[PDB]
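**Student:** Chains as they are written, first to last, in the entry's author numbering: chain A, 23 to 72, 80 to 160, 165 to 269, 279 to 335; chain B, 22 to 546, 548 to 638, 642 to 670; chain C, 4 to 34, 51 to 74, 168 to 180, 190 to 209, 217 to 236; chain D, 5 to 33, 52 to 74, 168 to 177, 190 to 211, 216 to 236. Cβ atoms here follow ideal geometry from the backbone N, Cα and C, with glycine treated the same way.
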Amino acid sequence: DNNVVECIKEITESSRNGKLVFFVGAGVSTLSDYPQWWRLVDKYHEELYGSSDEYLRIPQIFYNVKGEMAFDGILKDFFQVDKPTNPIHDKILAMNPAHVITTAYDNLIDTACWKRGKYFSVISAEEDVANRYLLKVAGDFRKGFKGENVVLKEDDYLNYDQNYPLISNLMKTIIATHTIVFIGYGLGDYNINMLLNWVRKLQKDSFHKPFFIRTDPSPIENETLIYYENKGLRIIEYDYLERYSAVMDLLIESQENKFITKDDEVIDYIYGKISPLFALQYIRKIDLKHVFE
Amino acid sequence: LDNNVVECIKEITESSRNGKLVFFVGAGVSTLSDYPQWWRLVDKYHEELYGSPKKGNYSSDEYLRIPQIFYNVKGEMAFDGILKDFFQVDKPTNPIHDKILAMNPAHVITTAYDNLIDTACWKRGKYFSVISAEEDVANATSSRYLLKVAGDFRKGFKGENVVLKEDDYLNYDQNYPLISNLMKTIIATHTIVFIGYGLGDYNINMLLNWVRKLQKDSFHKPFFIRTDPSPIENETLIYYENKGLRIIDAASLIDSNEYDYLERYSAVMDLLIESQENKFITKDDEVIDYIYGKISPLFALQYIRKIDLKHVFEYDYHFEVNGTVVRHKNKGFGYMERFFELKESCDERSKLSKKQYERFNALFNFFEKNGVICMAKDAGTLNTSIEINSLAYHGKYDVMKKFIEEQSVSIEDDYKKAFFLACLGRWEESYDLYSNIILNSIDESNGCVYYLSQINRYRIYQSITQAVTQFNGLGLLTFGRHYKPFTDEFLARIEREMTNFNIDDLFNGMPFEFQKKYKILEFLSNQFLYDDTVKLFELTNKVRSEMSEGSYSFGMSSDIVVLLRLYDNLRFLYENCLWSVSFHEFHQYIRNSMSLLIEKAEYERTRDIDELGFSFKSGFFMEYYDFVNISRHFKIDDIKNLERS
Amino acid sequence: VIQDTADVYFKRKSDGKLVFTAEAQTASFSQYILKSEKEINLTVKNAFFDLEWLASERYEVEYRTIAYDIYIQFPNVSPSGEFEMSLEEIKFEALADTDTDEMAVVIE
Amino acid sequence: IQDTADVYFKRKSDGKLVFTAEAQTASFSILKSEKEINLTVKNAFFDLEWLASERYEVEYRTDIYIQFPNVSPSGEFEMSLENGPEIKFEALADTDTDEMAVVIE
Numbered sequence: 023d024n025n026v027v028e029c030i031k032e033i034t035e036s037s038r039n040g041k042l043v044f045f046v047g048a049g050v051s052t053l054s055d056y057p058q059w060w061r062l063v064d065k066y067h068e069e070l071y072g080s081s082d083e084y085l086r087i088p089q090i091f092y093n094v095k096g097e098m099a100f101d102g103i104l105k106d107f108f109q110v111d112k113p114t115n116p117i118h119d120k121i122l123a124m125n126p127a128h129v130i131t132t133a134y135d136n137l138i139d140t141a142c143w144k145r146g147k148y149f150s151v152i153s154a155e156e157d158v159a160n165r166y167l168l169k170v171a172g173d174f175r176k177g178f179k180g181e182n183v184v185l186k187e188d189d190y191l192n193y194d195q196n197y198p199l200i201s202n203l204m205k206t207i208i209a210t211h212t213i214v215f216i217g218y219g220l221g222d223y224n225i226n227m228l229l230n231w232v233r234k235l236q237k238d239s240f241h242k243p244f245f246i247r248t249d250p251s252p253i254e255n256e257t258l259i260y261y262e263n264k265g266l267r268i269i279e280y281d282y283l284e285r286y287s288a289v290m291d292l293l294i295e296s297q298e299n300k301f302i303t304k305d306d307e308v309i310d311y312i313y314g315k316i317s318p319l320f321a322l323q324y325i326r327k328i329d330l331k332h333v334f335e
Numbered sequence: 022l023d024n025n026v027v028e029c030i031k032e033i034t035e036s037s038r039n040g041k042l043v044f045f046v047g048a049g050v051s052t053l054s055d056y057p058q059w060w061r062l063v064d065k066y067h068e069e070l071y072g073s074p075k076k077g078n079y080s081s082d083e084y085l086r087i088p089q090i091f092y093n094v095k096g097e098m099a100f101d102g103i104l105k106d107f108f109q110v111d112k113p114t115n116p117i118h119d120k121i122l123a124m125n126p127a128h129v130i131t132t133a134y135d136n137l138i139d140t141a142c143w144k145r146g147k148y149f150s151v152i153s154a155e156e157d158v159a160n161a162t163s164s165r166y167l168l169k170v171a172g173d174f175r176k177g178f179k180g181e182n183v184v185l186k187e188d189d190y191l192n193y194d195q196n197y198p199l200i201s202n203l204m205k206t207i208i209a210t211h212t213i214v215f216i217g218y219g220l221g222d223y224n225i226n227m228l229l230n231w232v233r234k235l236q237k238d239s240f241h242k243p244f245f246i247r248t249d250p251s252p253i254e255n256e257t258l259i260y261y262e263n264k265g266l267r268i269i270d271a272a273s274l275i276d277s278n279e280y281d282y283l284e285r286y287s288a289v290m291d292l293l294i295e296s297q298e299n300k301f302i303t304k305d306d307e308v309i310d311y312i313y314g315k316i317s318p319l320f321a322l323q324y325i326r327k328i329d330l331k332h333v334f335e336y337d338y339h340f341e342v343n344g345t346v347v348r349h350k351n352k353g354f355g356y357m358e359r360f361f362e363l364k365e366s367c368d369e370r371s372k373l374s375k376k377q378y379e380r381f382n383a384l385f386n387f388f389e390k391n392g393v394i395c396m397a398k399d400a401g402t403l404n405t406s407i408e409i410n411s412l413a414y415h416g417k418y419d420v421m422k423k424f425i426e427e428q429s430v431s432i433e434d435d436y437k438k439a440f441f442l443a444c445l446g447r448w449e450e451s452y453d454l455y456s457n458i459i460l461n462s463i464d465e466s467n468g469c470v471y472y473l474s475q476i477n478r479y480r481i482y483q484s485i486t487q488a489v490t491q492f493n494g495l496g497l498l499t500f501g502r503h504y505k506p507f508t509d510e511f512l513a514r515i516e517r518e519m520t521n522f523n524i525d526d527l528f529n530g531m532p533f534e535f536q537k538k539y540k541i542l543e544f545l546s548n549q550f551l552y553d554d555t556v557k558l559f560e561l562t563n564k565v566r567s568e569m570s571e572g573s574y575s576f577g578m579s580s581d582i583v584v585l586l587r588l589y590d591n592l593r594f595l596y597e598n599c600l601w602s603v604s605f606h607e608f609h610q611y612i613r614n615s616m617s618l619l620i621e622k623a624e625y626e627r628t629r630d631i632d633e634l635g636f637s638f642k643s644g645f646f647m648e649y650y651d652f653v654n655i656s657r658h659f660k661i662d663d664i665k666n667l668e669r670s
Numbered sequence: 004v005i006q007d008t009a010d011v012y013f014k015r016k017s018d019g020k021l022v023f024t025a026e027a028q029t030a031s032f033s034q051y052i053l054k055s056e057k058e059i060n061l062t063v064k065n066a067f068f069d070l071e072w073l074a168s169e170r171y172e173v174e175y176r177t178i179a180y190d191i192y193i194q195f196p197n198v199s200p201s202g203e204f205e206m207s208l209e217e218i219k220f221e222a223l224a225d226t227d228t229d230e231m232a233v234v235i236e
Numbered sequence: 005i006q007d008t009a010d011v012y013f014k015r016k017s018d019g020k021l022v023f024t025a026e027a028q029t030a031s032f033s052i053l054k055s056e057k058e059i060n061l062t063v064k065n066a067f068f069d070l071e072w073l074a168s169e170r171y172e173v174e175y176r177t190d191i192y193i194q195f196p197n198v199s200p201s202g203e204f205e206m207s208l209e210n211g216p217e218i219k220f221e222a223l224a225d226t227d228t229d230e231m232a233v234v235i236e
C-alpha cells in the first residue's frame with residue numbers, strides 16, 4: 023500500500039523534525055499483558071445485581094449503592110499487578126516519540142521510557158503543567178487508589194471540560210502542531226473523534242489527515258473507508283504484536299536501497315544528494331562521509 | 022530597589038536560562054519606532070466620515086464605533102484605500118527589539134500590525150516560524166514560534182488579513198481558534214512577560230482573567246513593566262495582584278518627561294540585561310549559602326579536575342591546575358576573595374550561623390580534598406602531591422576478587438563493583454549489573470549514577486563489539502582456533518538495546534534542573551580527551567621550541583603543567599570509576615606526555631651552563650606511580666625508541 | 004625502477020595453502052665465531068582473509177613487485202597478535225630456523 | 005637561595021615605573055662576539071597615571192639583582208578566536228656606553 027509508504031515517509035520526516043507524536047490506546051498494555059476492564063465490567067455486573082450506557086452506569090450505581098470503599102478495594106486487587114515491557118514500546122522509542130497520550134492506568138510505558146536515556150514529564154493532574166510530556170489524559174493511581182484520581186463514570190466525561198481544561202487544551206495543541214499516529218485505539222473513545230470532528234470543522238484544508246492504526250481482523254469495508262474519509266484517518279486479531287512489528291519494521295528500517303534497483307533512478311538519487319553543493323565552490327573529501335551516513 | 026522586584030528578576034532570569042520565557046509585546050514598540058499610530062488613523066476615519074475631525078471626543082466607544090460606520094456607510098474599498106495610504110511607509114527598527122530578543126525567547130507573541138519584529142528576528146540570527154493565520158499552523162517548521170494575534174499585511178492589504186472591527190473580535194472565537202489554543206498553551210506552559218501596552222487591551226486582559234478563573238494560583242503570575250511616567254496607584258497594584266499580575270513600574274527606577282519612556286523601555290530591560298545573582302549578594306552568610314547551593318550537589322563524586330571548575334562559575338575566575346584562583350570575568354562583588362578572607366580569620370568564622378559554620382568547614386574539607394589553595398596573589402610556594410586510592414590502579418587483583426565476592430548493599434558500591442567486574446573481565450556480567458543499577462536507580466533522586474552507568478554501558482557495548490570483531494578475524498590466525506567466548510543472545514539483545522543510541526543526547530537526556538546543576542559534567546558527552555590532546559599538542563610544540571635553544575623557564579615551567587594535567591586527568595578518570603581508561607587514545611595521551619617529560623629530563627641533564635645558570642638542581646625523580654604509568658600505557662617499540670633517545 | 008607498491012601473499016607451509024593477500028606499508032630491517056643478530060618487521064593493511072581456510169604453525173610470506190619482476194620470499198614467519206580497542217592492520221615479525229639460518233629469497 | 009624573580013620596567017626620562025611583573029623566559033645567543059638576549063614575561067598591570168623616542172630599563176630581583196638599561200618592546204600581533216597576556220621585549224646595544232650586565236649579589 024502506497025498510503026502506508028507515504029505514512030512511513032511523513033512519520034520518519036516528522037521524527038527527524040520533531041513533528042511526530044504517538045497516541046497510545048489500550049491494546050499495547052495487552053501486548054505486554056495486563057488485566058482488562060471488561061472483565062471488571064462483568065464483575066460489577068455480577069456484584070451489583072446480587080450496553081455502552083451501562084458500561085459506566087453500572088459503576089455509577091456501584092458508587093451510589095456499594096460506595097467508594099468497594100471501588101477502592103476492587104481497584105486495588107485489579108491494578109496492583111507488575112509486568113515487564115514489550116518490544117513495541119522499544120520500537121516506539123526507536124521512532125523517538127515527542128509526547129505520549131494514553132488512557133491506560135499502568136506506568137509500564139514510563140518505566141520503558143526510563144529504560145531509555147530520555148526524560149519525560151508525567152502530566153496527570155491539574156498541577157502537573159505548572160511544573165517531552167507524558168500526558169495521562171485519564172490519570173493514574175500515582176497519588177492513590179482513589180476513584181476521583183482517574184475516570185470511572187459518565188459524569189467524569191460530562192465534567193471533563195472543567196475537570197481537565199488545560200490537559201484537553203494542550204492535547205488539542207499537540208494534535209494541531211504535530212503529526213499524530215493512533216495505536217492501541219480500540220474504537221471506544223467516541224468523544225475524542227467527535228472533538229476531532231469539531232476540529233475538522235475548524236481546520237478544513239489544513240487538517241493533515243492524521244493516521245489511525247485500525248488493524249481490525251476484518252478487512253475495511255467500503256462504508257468504513259468512506260467513514261474514515263469523513264473522519265480523516267488513513268488506516269494502518280490475537281496476533282497484534284506480529285502485525286504491529288511487521289508494519290513498524292518497514293517504518294523504522296526505511297531503506298533507500300529498496301528504491302535502488304535500476305541504474306537510472308540512483309543517478310537522480312545521487313543528484314538529489316549533491317544538489318545543494320553546487321552552490322558552494324569547493325568541498326573536502328572527508329565531508330563526503332557526512333553525506334551518505 | 023524593591024526586593025519583590027529583585028526576586029521577580031530572579032524568577033525571569035532562571036526562566037531565561039531554562040529557556041521557558043515568552044515575551045508578549047503590545048503596541049508601545051510601534052510608538053517607539055515612530056510607526057503610524059492607530060488613534061490618528063481613527064482621526065482620519067473621523068474626518069472622512071463626518072466630513073470633519075472636529076474636536077472628535079475620541080473615546081473607547083469611538084475606537085470601536087467609527088470604523089464600523091466607515092465599513093457600512095463608505096464600503097470596503099475606501100478602507101483599502103486608506104490602509105494603502107497610511108500603512109505603506111517603512112522605517113528601521115529600534116534597539117528595543119534587539120534587547121527584547123537578546124533574552125532568547127522560546128516563542129514570541131505580538132499584537133502589532135507591522136513586521137519589524139520579524140526583521141529583528143532575522144537580524145538576531147535565529148529563525149522563528151511565523152504564525153499569523155490559521156493555515157500557518159499546518160506548515161509550522163521550527164519549534165520556535167512567532168505567534169501573531171493582530172495579523173499583518175503579508176497577505177495583501179485586504180480586510181480579511183487585518184482585524185480591527187469589533188464584530189471581527191466577536192467572530193474571533195471561530196475565526197482563529199487554533200491561534201487562541203496556541204496562546205492558551207503558551208501562557209499555561211511558559212512564563213510570559215508583558216510589555217508594550219498601557220493597560221487597555223481589555224479583551225486580552227479578560228482572557229488573562231479567564232486563565233485566572235480556570236487555574237487559580239497554579240497559574241504563574243505574569244509580569245508587566247508599567248511604562249506610564251506617573252506614580253502608580255498602589256491600591257490598583259494590589260488589585261492587579263488580586264488579579265494575579267506582577268507589575269514593575271519604570272518610574273520606580275527613574276522618571277523624566279513622558280516621551281522618554283523609550284529610554285525607560287531600555288532602562289529597566291537594561292537592568293534585566295546585566296542582572297547578576299552575585300550583584301545583589303552583599304552579606305557573607307548569603308555568600309556561603311549561595312556557594313552551598315552552587316556546589317554541594319557535587320558531593321556524589323570522587324575526584325573532579327580543577328579545569329572543570331570554570332564551567333561552574335560562568336568563567337568569572339580562572340582555576341588553574343596548581344590550585345590558585347585568578348579573577349577573569351568577576352565584575353560584581355569579590356565573593357571568592359571574600360570567601361578566602363573568611364577562611365583567613367577565625368574571628369570572621371565565628372561571625373556566622375553554626376549550621377553555616379559547619380557548612381563552611383565541610384566546604385573547606387572539600388576544597389582540601391580537591392587541593393584548591395588560595396588565589397594566585399595570596400599563595401606562595403606550592404607542593405606537588407600525589408594520592409590514588411583506587412584498588413584497580415595498584416593491581417590488587419585478588420583483593421578485587423574478594424570485594425566482588427563480598428556483600429553488595431550500596432548502589433554506589435554496586436557501581437564500583439561493576440567497574441571492577443569490567444576491569445576483571447566479566448564484561449557481560451558487568452553489563453548486567455549496570456542494567457540492574459539503572460533499573461534500581463530509576464527513581465533514586467540522583468541522575469549522576471544514571472549518567473555514569475549509561476556511559477559505561479555504551480562503552481562496554483562498543484568494547485564487546487570490537488572484541489568480538491577482532492575475535493572473528495586474526496585471533497583465529499593467532500590461536501589456531503576460533504575460540505569464541507560469547508553467544509549471540511546478549512549480542513542481539515544489546516544490539517536491539519543500543520539501536521539508535523547516540524551519546525550526545527545523554528546530556529540532553531537528563532532533566533532541566535540536572536543540566537542547570539551539573540553542566541560541569543559535559544566532558545563525558548564521543549570526543550574523549552580531544553581538547554586535552556589539543557592542549558598537550560600545543561604544549562608539546564612549546565616544549566620542543568624552548569628545547570631547540572637556550573632558555574630559562576622561570577617559576578612555573580611547562581613540565582610541571584604537563585605532569586599536573588596528567589595526574590589530574592588520571593585521578594579524575596580512575597577515582598570516579600569510568601571504564602574509558604581501557605581505550606587506546608588515552609594510552610596515546612599517556613605515551614606522548616611521558617615521552618615529553620623524559621625528553622625534558624634528558625635535555626635538562628645534558629645542557630650547557632652559562633653564567634645565568636651559574637646564577638640560577643631540579644632533576645626528575647621517578648616514582649611508583651610513574652612505574653605504573655610506564656607499565657600500563659606503553660608498547661615495546663616506543664620504549665625501545667626511548668632507549669635510543 | 005620500482006613503483007614501490009608491492010603486493011603480499013601470505014601462505015602456510017602445510018599444503019602451500021594461501022592464508023591471505025594484502026599489501027605492506029612498513030618494513031624494518033635492523034641489527051672467532053662472529054655473531055650478528057638481524058630482525059625483520061612487516062606491517063600490512065586489513066587483508067583479504069580466505070573463507071576456504073576457515074573451513168604452533170609455520171607460515172611464509174611472498175612479496176612481489178616490478179622493477180623496470191622482483192619477488193621476495195620469507196620462509197618462516199610469525200603473525201604476533203596485538204589486541205587493542207578504541208572508539209568508532218596486521219603486524220608480522222620474522223622467524224629464523226636453527227637448521228639453515230636464511231631469511232630472504234630474491235628472484236629478479 | 006631562591007628562584008622566583010620580580011621584574012620592573014621603567015623609562016629613563018623621569019625614572020618612573022611603567023609596569024611590574026614576573027619573569028618567565030630568557031633567550032640567549052680583533053674578533054667580534056655575537057650574543058643577543060630576548061625576554062618573555064607573563065601577565066602584568068600597567069601604570070594608571072602613565073596615560074596622561169625614549170630609552171627604557173629593566174630590573175630583576177630575587190639579594191640578587193639583574194638590571195640592564197637598553198631594552199625595546201616588541202608587541203607582536205595576535206589573533207585568538209577563543210580569547211579568555217604576553218609581554219615580549221628585546222635588548223639594545225649602543226656604541227660608547229655598551230653595557231647590559233648590571234649585577235648585585
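Below 8 Å on C-beta distance, what does residue 234 of chain C contact in chain B?
**Tutor:** Those do not exist, as residue 234 of chain C stays about 26 Å from chain B at its closest Cβ, beyond 8 Å.
**Student:** Indicate whether at least one CB of chain B lies closer than 9 Å to the CB of residue 30 of chain D.
**Tutor:** yes
**Student:** How would you write the range of the beta strand (DSSP E) that residue 340 of chain B sits in, first residue to last?
**Tutor:** 338 to 340 is the span of the beta strand (DSSP E), which, as asked, contains residue 340 of chain B.
**Student:** In terms of alpha-carbon separation, which member of B/331, B/670, B/363, B/214 lies closest to residue 621 of chain B?
**Tutor:** B/670
**Student:** Report the three-state DSSP secondary structure of residue 211 of chain B (helix, strand or coil).
**Tutor:** Coil at residue 211 of chain B, not helix or strand.
**Student:** When you compare the CB of residue 673 of chain B with every CB in chain A, is at least one pair closer than 9 Å?
**Tutor:** There is no way to answer for residue 673 of chain B, as the model of chain B reaches only from 22 to 670.
**Student:** In whole angstroms, give me the CA-to-CA distance for residue 238 of chain B and residue 200 of chain B.
**Tutor:** 25 Å
**Student:** Determine the chain A residues that contact residue 521 of chain B at a beta-carbon separation under 7 Å, and present them in chain order.
**Tutor:** 123, listed in chain order.
**Student:** Below 8 Å on the Cβ atoms is my contact criterion, and I expect residue 64 of chain D with residue 26 of chain D to pass it. Report the Cβ-Cβ distance as a whole number of Å.
**Tutor:** 6 Å
**Student:** Hey, how far is the Cα of residue 35 of chain B from the Cα of residue 595 of chain B?
**Tutor:** Using only the alpha carbons, I get a separation of about 32 Å.
**Student:** For residue 19 of chain C, return the contacting residues in chain B, with the cut-off set at a CB-CB distance below 9 Å.
**Tutor:** The contacting residues do not exist; residue 19 of chain C stays about 17 Å from chain B at best.
**Student:** Considering just the uninterrupted stretch of the beta strand (DSSP E) at residue 128 of chain A, what are its terminal residues?
**Tutor:** 128 to 131 is the span of the beta strand (DSSP E), which, as asked, contains residue 128 of chain A.
**Student:** I want to see whether chain A comes within less than 9 Å of residue 517 of chain B, judged by CB atoms only; does it?
**Tutor:** yes
**Student:** So which residues of chain D does residue 632 of chain B contact, with C-beta pairs closer than 7 Å?
**Tutor:** 32
**Student:** How should residue 73 of chain C be labelled, buried or exposed, when 16 other C-beta atoms within 10 angstroms of its C-beta is the threshold for buried?
**Tutor:** It counts as exposed.
**Student:** Taking DSSP as the reference, what is the three-state secondary structure of residue 317 of chain A?
**Tutor:** coil
**Student:** Determine the DSSP secondary structure at residue 165 of chain A, reduced to helix, strand or coil.
**Tutor:** coil
**Student:** Please identify the residue among B/400, B/354, B/364, B/357 whose C-alpha is closest to the C-alpha of residue 343 of chain B.
**Tutor:** B/400
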